[PDB]
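S.K.: Per mature numbering (1 follows the signal peptide of the UniProt record, and there is no 0), the very first residue in the sequence shown carries number 7; after that it's consecutive. Every residue gets a Cβ at the ideal spot worked out from N, C-alpha and C, and that includes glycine.
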Amino acid sequence: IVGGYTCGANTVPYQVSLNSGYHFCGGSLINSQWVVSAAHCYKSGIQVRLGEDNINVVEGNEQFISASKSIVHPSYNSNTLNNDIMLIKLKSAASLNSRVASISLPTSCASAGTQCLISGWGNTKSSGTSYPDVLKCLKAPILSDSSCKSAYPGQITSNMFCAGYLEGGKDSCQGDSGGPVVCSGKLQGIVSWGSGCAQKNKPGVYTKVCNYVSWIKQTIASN
Ligand SMILES: *[B](O[C][C])(O[C][C])[C]([C][C][C][C][N])[N]C(=O)[C]([N]C(=O)[C]([C])[N]C(=O)OC([C])([C])[C])[C]([C])[C]
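1) So is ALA157 buried or exposed if we call it buried at 16+ other beta carbons inside 10 Å?
2) Out of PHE70, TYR48, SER50, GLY51, which one is the CA nearest neighbour of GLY57?
3) Output the boundary residues of the beta strand (DSSP E) element that contains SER43.
4) How long is the line joining the alpha carbons of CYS143 and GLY33, rounded to whole angstroms?
5) Work out the CA separation of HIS46 and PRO159 for me, nearest whole Å.
6) Near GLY175, which residues of its chain fall below 7 Å by C-beta distance, leaving aside the five closest residues on each side in sequence?
7) Helix or strand or just coil, what does DSSP make of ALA107?
8) Helix, strand or coil, according to DSSP, for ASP151 in the structure here?
9) Rounded to the nearest angstrom, what separates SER110 and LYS192 at their Cα positions?
10) What first and last residue would you give for the alpha helix (DSSP H) that runs through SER220?
11) Is it buried or exposed for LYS214, if we count other Cβ within 10 angstroms and need 16 for buried?
12) Roughly how many angstroms lie between the CA atoms of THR135 and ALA118, to the nearest whole one?
13) Does the structure place the region 176 to 188 close enough to the region 27 to 44 that three or more beta carbon pairs sit under 8 Å?
14) Between which two residues does the beta strand (DSSP E) holding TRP127 run?
15) Taking three-plus beta-carbon pairs below 8 Å as touching, is the region 88 to 99 in contact with the region 209 to 228?
16) Only counting the same chain, and skipping five residues up and downstream in sequence, which positions put a Cβ closer than 7 Å to that of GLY51?
17) Name the DSSP beta bridge partners of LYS176, please?
18) Is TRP127 near ligand 1, going by C-beta to nearest heavy atom under 6 Å?
Dropping the structure here:
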């Protein structure tokens with residue numbers, strides 16, 4: 007997260023780290039057995055780590071559960087990143103308490119101007135690299151689809167939204183992929199991609215979760 011703040015231990019309780027020997031992606035817990043993340047985060051042998059703050063120290067609130075299945079969206083296109091969303095089923099249900107909890111799925115799409123919380127363990131520098139060990143948080147508005155489209159000409163599909171600061175300075179970055187964009191208490195986006203991090207006139211682009219609500223409910227009901 008570039009230009010954000012230390013969240014505080016377990017203040018973002020649906021935040022998961024996806025681990026295959028090291029943290030490689032974030033995700034959100036949507037019920038005790040399923041996580042949503044970005045399809046570009048796919049790999050075999052994911053261990054899901056819940057109740058995390060410092061990802062390098064066991065502090066006592068952690069639940070590490072292996073993934074049983076991963077389902078990348080049927081129309082995920084890696085060359086355009088259209089439909090960049092995946093579901094991960096846990097091998098056992100997580101225990102939900104105040105520090106480990108699920109995030110609500112939206113029933114409406116969020117409007118531009120809505121403020122959102124984006125969180126994660128990715129790079130905190132626009133140029134150069136420092137990866138935090140503790141979870142960082144960023145509050146950012148959803149930008150209008152005209153500003154988004156003028157910033158990324160011929161690249162925003164109807165399943166993408168931009169959130170951030172056109173002036174730059176604050177943004178999601180490498181290592182935040184798959185993590186939550188939560189607006190008004192509902193999960194509205196997934197950290198997807200952008201031209202670098204925190205560059206002027208290049209805000210982050212996010213998978214628009216409200217467009218996937220029926221595919222998510224359907225898939226959970228049948229697996
Ligand atoms: B993400 O985070 C860690 C798992 O995923 C893999 C490195 C990161 C999140 C970036 C958020 C930025 N606001 N996602 C990516 O790096 C994705 N790639 C891009 O965004 C690239 C760097 N963008 C790019 O080349 O820009 C254009 C010229 C506009 C195409 C990708 C791996 C999904």
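M.R.: Looking at the atomic coordinates:
1) buried
2) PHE70
3) 40 to 43
4) Rounded to the nearest whole angstrom, the C-alpha separation of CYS143 and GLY33 is 14 Å.
5) 22 Å
6) Spatial neighbours of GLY175 in its own chain (CB-CB distance under 7 Å, excluding positions within 5 residues in sequence) are listed in chain order as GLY9, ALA204.
7) coil
8) Note: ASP151 maps to helix in three-state DSSP.
9) In this structure, the straight-line span from the alpha carbon of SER110 to that of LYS192 is close to 5 Å.
10) 219 to 227
11) Buried, by the Cβ-count rule.
12) 31 Å
13) In short, these stretches touch, since the Cβ pair count reaches three.
14) Per DSSP, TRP127 belongs to no beta strand (DSSP E) and is neither H nor E.
15) With a cut-off of 8 Å, the region 209 to 228 and the region 88 to 99 count as touching, because enough Cβ pairs lie within range.
16) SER26
17) Under DSSP, no beta-bridge partner is assigned to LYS176.
18) no
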